[PDB]
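Step one of this worksheet: look at the structure below.
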Ligand SMILES: *[C@@H]1O[C@H](CO)[C@@H](O[C@@H]2O[C@H](CO)[C@@H](O)[C@H](O)[C@H]2NC(C)=O)[C@H](O)[C@H]1NC(C)=O
Ligand SMILES: *[C@@H]1O[C@H](CO)[C@@H](O[C@@H]2O[C@H](CO)[C@@H](O)[C@H](O)[C@H]2NC(C)=O)[C@H](O)[C@H]1NC(C)=O
Ligand SMILES: *[C@@H]1O[C@H](CO)[C@@H](O[C@@H]2O[C@H](CO)[C@@H](O)[C@H](O)[C@H]2NC(C)=O)[C@H](O)[C@H]1NC(C)=O
Ligand SMILES: *[C@@H]1O[C@H](CO)[C@@H](O[C@@H]2O[C@H](CO)[C@@H](O)[C@H](O)[C@H]2NC(C)=O)[C@H](O)[C@H]1NC(C)=O
Ligand SMILES: *[C@@H]1O[C@H](CO)[C@@H](O[C@@H]2O[C@H](CO)[C@@H](O)[C@H](O)[C@H]2NC(C)=O)[C@H](O)[C@H]1NC(C)=O
Ligand SMILES: *[C@@H]1O[C@H](CO)[C@@H](O[C@@H]2O[C@H](CO)[C@@H](O)[C@H](O)[C@H]2NC(C)=O)[C@H](O)[C@H]1NC(C)=O
Ligand SMILES: *[C@@H]1O[C@H](CO)[C@@H](O[C@@H]2O[C@H](CO)[C@@H](O)[C@H](O)[C@H]2NC(C)=O)[C@H](O)[C@H]1NC(C)=O
Ligand SMILES: *[C@@H]1O[C@H](CO)[C@@H](O[C@@H]2O[C@H](CO)[C@@H](O)[C@H](O)[C@H]2NC(C)=O)[C@H](O)[C@H]1NC(C)=O
Ligand SMILES: *[C@@H]1O[C@H](CO)[C@@H](O[C@@H]2O[C@H](CO)[C@@H](O)[C@H](O)[C@H]2NC(C)=O)[C@H](O)[C@H]1NC(C)=O
Ligand SMILES: *[C@@H]1O[C@H](CO)[C@@H](O)[C@H](O)[C@H]1NC(C)=O
Ligand SMILES: *[C@@H]1O[C@H](CO)[C@@H](O)[C@H](O)[C@H]1NC(C)=O
Ligand SMILES: *[C@@H]1O[C@H](CO)[C@@H](O)[C@H](O)[C@H]1NC(C)=O
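Protein chains in written order, with the UniProt record's numbering: chain A, 548 to 620, 641 to 675, 691 to 745; chain B, 944 to 1147; chain C, 696 to 827, 848 to 1140.
Now the structure itself:
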């Protein structure tokens, strides 16, 4: 195989040599030279994602290594993974590019932030006061709904075999 | 704005392109061209190579049909939703909240779009709200008066009854209030006069 | 042979009506799944791992890997879209007043708890507790679980904003600006929505508040005491992990080859037959991955339908009062409260249930002075000797006058008209 061999707290019985997971994947082994138990843990892997604005706007990019701690690879650690190339800002804005776990990225340089849910409003509730509208706005809004698709027919014999 | 409909178009062409791209896959065979396989091998091994191409292409076609069926189900659900919006928002006024736009729905207009429909929802949005002091009931002559259709409001010194969704203060009379019980049960009842229309009539 | 139900015969007659004389404030739970676990699969790592020869043979099959990655990416973005649609329906984060007095109504079990670090309600905390090296094994085979875009605390914050809007402002915040209204007046408006007069709510305010508080406490006890209350959400979690486990288990399948380990196949056979064995492993693993993606897509469609339903319930039951029968609970719907749950939403539907009905003799119209009188808003009832007009959904007899009746025609046309006096103010 291929993996890190860390120290193990698992007490093997004397007849056992390997160890397996719930899903029947090896998670432990006994060294045949010295009778010690090691926790086989596979080496780190991650989904490299590239966070970029439009090429019309800028050519700066940020890289998210999904699931990878920052010590195993403008470097910030998120629950989604390690984000390199974006600077964490304590301000909260609306989500522009979603990163995950409440983190979003935007271009202003590329910044990473905890997204704001909404503007804070406190309703002036009291037991004897009401708010009555004195005017109105006629609002027209758009709702776009798909209805049909492209009707496709495939000649199975011609597609697979041709002439 | 029109990202959803274009997305459907984008998926369909891409699916056909992927299926077209699958014709250029060897699938574990010597060549991806059937004519070359026939022109190059004897039928005992050409049958094996054609079998590999057939199973790969058949798997690709079945995969394409499966995603087409899933997308057909999604588009059918969207079309059923669009028909429901056309029936309830365009052909009538809907009391369902947020079904036919944000706000109190007034009416809707259908517009055709490529592979889709665009609904223009005309809604009523309240604005310019004002604070008032409110009471559940008015105590007059030992009787509790409740609004027939409105709400009791006070601007600081005087009490009026107005409709809930627009500020239109009117004098509290017996015409727009109804009497149920005395003043001892309702929590928050306030003391105010209730005008009688017949009183000037018999007085004069 | 199973019994369909208890047998009830309704005492139908041509001149008798049953009028409720009391009510029950019923709170019922509706549990809806909203999102699934977002999964991403490295196609090359899953099928071949570290073997270069396996990847070279895998390249002959084309854009299958791209199709599977694209489908999983679509499902992953779809789950976040589902969560946004269900919970992110307000652009203002509303807050409750510091004095939690709402005219006797107690919302402690549904409002956020300041004491808890998670800022969740007691019901939400119970829901999170009741919904539960598997993760490590799933991770080690090239399958990655992606975190939800909205964290549980932000989803709880959205539910808190919706609760604050529905409590302090009623349905106004859902249709525009949040307009403050006292909660008894809001409940009176809701009573008018289901056809019950405001006086019934105001006179019986303490009883209604006590019934609501008792129902909310019963809801918390019922959720804490029943294992199968939260079966739907756990089922979704149960399916997702099982699917990953099955996919992981498929790596231990020979698929008609000598071994399931690529390194053994390379170390033991010559390339002409090793290529065949690797091909068998590749086709089996690719079939397993396509099967997993196909079921993920079908489950994604089901969860999307459930999320659309949850968004519709949030719009129509929480942000307004619904006249649709059984959409927002059993009974005449008054209001609804959203609670966040793992991968889902729980709606507490507060409904009005009529109770303690009483028989009365009824007539379509009252004949007075050769004229037929019909009720403006109620129904004519008789207790045996005297005739009254009452509202349909609560028994409140009132004297039949010209104010609450309207005259249409004479007494010769209406079938079942009875003779009674009509008072004139
Ligand atoms: C209600 O709002 C409308 C706007 O929606 C107000 O109409 C405006 O009136 C001002 C001053 O008379 C004009 O300068 C604007 O051009 C008007 N706007 C429009 C769109 O007509 C109206 O005055 C408001 N009414 C109240 C009672 O507040
Ligand atoms: C109704 O009255 C309340 C309180 O008198 C107003 O709430 C205040 O709003 C201002 C500006 O938005 C804030 O600076 C105060 O802190 C608020 N006070 C409280 C106690 O909430 C409310 O704005 C009034 N409504 C209208 C329509 O004017
Ligand atoms: C509350 O509303 C009433 C009715 O509009 C106001 O009473 C009027 O006030 C104007 C302004 O001074 C006088 O010219 C009228 O003669 C008043 N009418 C009556 C019948 O008294 C009242 O002033 C308002 N109060 C506040 C605090 O705004
Ligand atoms: C509303 O009106 C009633 C009746 O006029 C008031 O009740 C009276 O209150 C005074 C002093 O509290 C007593 O001396 C009388 O005996 C009461 N009369 C009755 C018939 O109860 C009541 O106080 C008024 N409420 C307010 C807030 O002014
Ligand atoms: C209304 O009256 C009818 C008949 O007077 C009642 O129906 C009877 O109910 C009892 C007990 O439920 C049965 O044993 C009888 O057989 C029923 N009679 C008929 C003719 O169905 C009915 O219960 C009364 N409703 C109320 C609310 O008291
Ligand atoms: C309507 O039903 C309620 C119960 O839901 C009744 O309230 C009960 O009243 C009795 C006697 O007055 C008390 O002993 C109970 O403690 C009350 N229960 C609750 C929950 O408050 C009420 O009396 C009924 N009303 C009518 C007119 O029958
Ligand atoms: C609202 O309900 C909460 C919880 O149901 C009440 O809190 C309880 O208060 C009683 C007596 O004060 C205690 O014995 C319980 O232990 C409390 N339970 C919890 C969970 O706090 C609360 O008193 C009610 N009323 C108000 C005004 O908040
Ligand atoms: C039907 O209801 C009416 C009104 O509640 C009853 O009439 C009253 O009955 C009481 C008790 O006998 C008398 O003290 C009142 O004087 C009656 N009022 C009037 C205006 O007559 C009537 O008795 C009820 N009938 C039945 C059969 O229950
Ligand atoms: C309701 O009242 C009307 C009017 O008093 C009754 O009609 C009368 O019936 C008698 C006997 O059948 C006739 O002699 C009169 O000529 C009728 N008058 C009119 C104006 O039609 C009617 O019978 C009463 N119905 C009931 C059920 O008591
Ligand atoms: C294994 O090799 C070491 C080498 O020093 C030897 O001391 C030991 O006796 C061997 N056997 C076991 C069972 O460890
Ligand atoms: C409303 O609450 C205030 C204090 O917050 C109190 O003085 C007043 O009596 C209350 N009114 C009602 C109707 O409960
Ligand atoms: C109601 O039915 C009873 C018997 O079934 C009959 O005597 C009476 O005339 C009927 N009344 C009406 C208004 O149909």
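Positions of the beta carbon are idealized from the N, C-alpha and C atoms, including for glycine.
Cβ-based burial, residue i [other Cβ within 10 Å; buried from 16]
{"i": "residue 1091 of chain B", "result": "exposed"}
{"i": "residue 905 of chain B", "result": "Residue 905 of chain B cannot be examined here, being either before or after the span of chain B that is shown, 944 to 1147."}
{"i": "residue 1138 of chain C", "result": "exposed"}
{"i": "residue 1031 of chain C", "result": "buried"}
{"i": "residue 653 of chain A", "result": "buried"}
{"i": "residue 1060 of chain C", "result": "buried"}
{"i": "residue 749 of chain C", "result": "buried"}
{"i": "residue 590 of chain A", "result": "exposed"}
{"i": "residue 936 of chain C", "result": "exposed"}
{"i": "residue 1069 of chain B", "result": "buried"}
{"i": "residue 733 of chain A", "result": "exposed"}
{"i": "residue 1021 of chain C", "result": "buried"}
{"i": "residue 1028 of chain B", "result": "buried"}
{"i": "residue 743 of chain A", "result": "exposed"}
{"i": "residue 917 of chain C", "result": "buried"}
{"i": "residue 957 of chain B", "result": "exposed"}
{"i": "residue 1117 of chain C", "result": "exposed"}
Range of the contiguous beta strand (DSSP E) that encloses residue i
{"i": "residue 1054 of chain C", "result": "1047 to 1056"}
{"i": "residue 694 of chain A", "result": "692 to 696"}
{"i": "residue 790 of chain C", "result": "787 to 790"}
{"i": "residue 1144 of chain B", "result": "Counting along the chain, residue 1144 of chain B falls outside any beta strand (DSSP E), though it belongs to the alpha helix (DSSP H) covering 1141 to 1146."}
{"i": "residue 644 of chain A", "result": "642 to 644"}
{"i": "residue 610 of chain A", "result": "609 to 613"}
Range of the contiguous alpha helix (DSSP H) that encloses residue i
{"i": "residue 880 of chain C", "result": "867 to 883"}
{"i": "residue 575 of chain A", "result": "Not the alpha helix (DSSP H): residue 575 of chain A falls in the beta strand (DSSP E), residues 573 to 577."}
{"i": "residue 796 of chain C", "result": "Taken as a continuous stretch (DSSP letters only), residue 796 of chain C belongs to no alpha helix (DSSP H), as it is neither H nor E."}
{"i": "residue 981 of chain C", "result": "977 to 983"}
{"i": "residue 818 of chain C", "result": "817 to 825"}
{"i": "residue 1007 of chain B", "result": "986 to 1028"}
{"i": "residue 1129 of chain B", "result": "Note, residue 1129 of chain B: premise wrong, no alpha helix (DSSP H); not H, not E."}
{"i": "residue 601 of chain A", "result": "Taken as a continuous stretch (DSSP letters only), residue 601 of chain A belongs to no alpha helix (DSSP H), as it is neither H nor E."}
{"i": "residue 808 of chain C", "result": "From DSSP, residue 808 of chain C is part of no alpha helix (DSSP H); its letter is neither H nor E."}
{"i": "residue 946 of chain B", "result": "946 to 964"}
CB contact below 9 Å: residue i versus chain E
{"i": "residue 999 of chain C", "result": "Looking at the structure shown, chain E is missing, and the protein chains on hand are A, B and C."}
Listed in chain order, which residues are found with a beta carbon closer than 5 Å to a heavy atom of ligand 11?
Result (chain order): A/709 and B/1131.
Only counting runs of 3 or more residues, tell me where the beta strand (DSSP E) segments fall wholly within the region 1070 to 1117 of chain B, in order along the chain.
1081 to 1083, 1086 to 1090, 1094 to 1097 and 1102 to 1105
Contact residues within the region 1054 to 1082 of chain B, judged by C-beta distance below 8 Å to chain A:
Hits within the stretch, in order: 1056, 1058, 1059, 1060, 1061, 1062, 1063, 1064, 1065, 1066, 1067, 1068, 1069, 1070, 1071, 1072, 1073, 1074, 1075, 1076, 1077 and 1078.
Every unbroken alpha helix (DSSP H) inside the region 699 to 758 of chain C [4 residues or more]:
738 to 743 and 747 to 753
Any alpha helix (DSSP H) of 4 or more consecutive residues that is wholly inside the region 888 to 935 of chain C:
898 to 908 and 913 to 918
Using Cβ-Cβ distances below 9 Å, what residues of the region 852 to 884 of chain C are close to chain A?
For the region 852 to 884 of chain C, the residues whose beta carbon sits under 9 Å from a beta carbon of chain A are, in order, 852, 853, 854, 855, 856, 857, 859, 860, 861, 862, 863, 864, 865, 866, 868, 869, 872, 873, 876, 879, 880, 882, 883 and 884.
Going along the region 641 to 670 of chain A in order, which residues come within less than 7 Å of chain C, judged by CB to CB distance?
Residues 646, 647, 665, 667, 668 and 669.
Given a limit of 7 Å on CB to CB distance, which residues of the region 550 to 574 of chain A reach chain C?
568, 569, 570, 571, 572 and 574
Could you please tell me which residues of the region 1038 to 1053 of chain B, in chain order, have their CB closer than 7 Å to any CB of chain A?
1044, 1045 and 1046
Between the region 1105 to 1135 of chain B and chain C, which residues of the former have a C-beta closer than 7 Å to a C-beta of the latter?
Residues passing the 7 Å Cβ filter: 1123, 1124, 1128, 1129 and 1130.
Please list, in chain order, the residues of the UniProt region "Heptad repeat 1" (920 to 970) of chain C that have any C-beta partner in chain A closer than 7 Å.
960, 963, 964 and 967
Near-chain B residues of the region 704 to 728 of chain A - C-beta to any C-beta below 7 Å
710, 711, 712, 713, 714, 715, 716, 717, 718, 719, 720, 721, 722, 723, 724, 725, 726, 727 and 728
Sequence-ordered residues whose beta carbon comes within less than 6 Å of a heavy atom of ligand 5
C/704, C/706, C/713, C/1072, C/1073 and C/1074
Give, in chain order, every residue of the region 580 to 610 of chain A whose Cβ lies closer than 9 Å to some Cβ of chain C.
588, 589, 592, 593 and 594
List in chain order the residues whose CB is within less than 5 Å of at least one heavy atom of ligand 3.
B/1098, B/1099, B/1100 and B/1101
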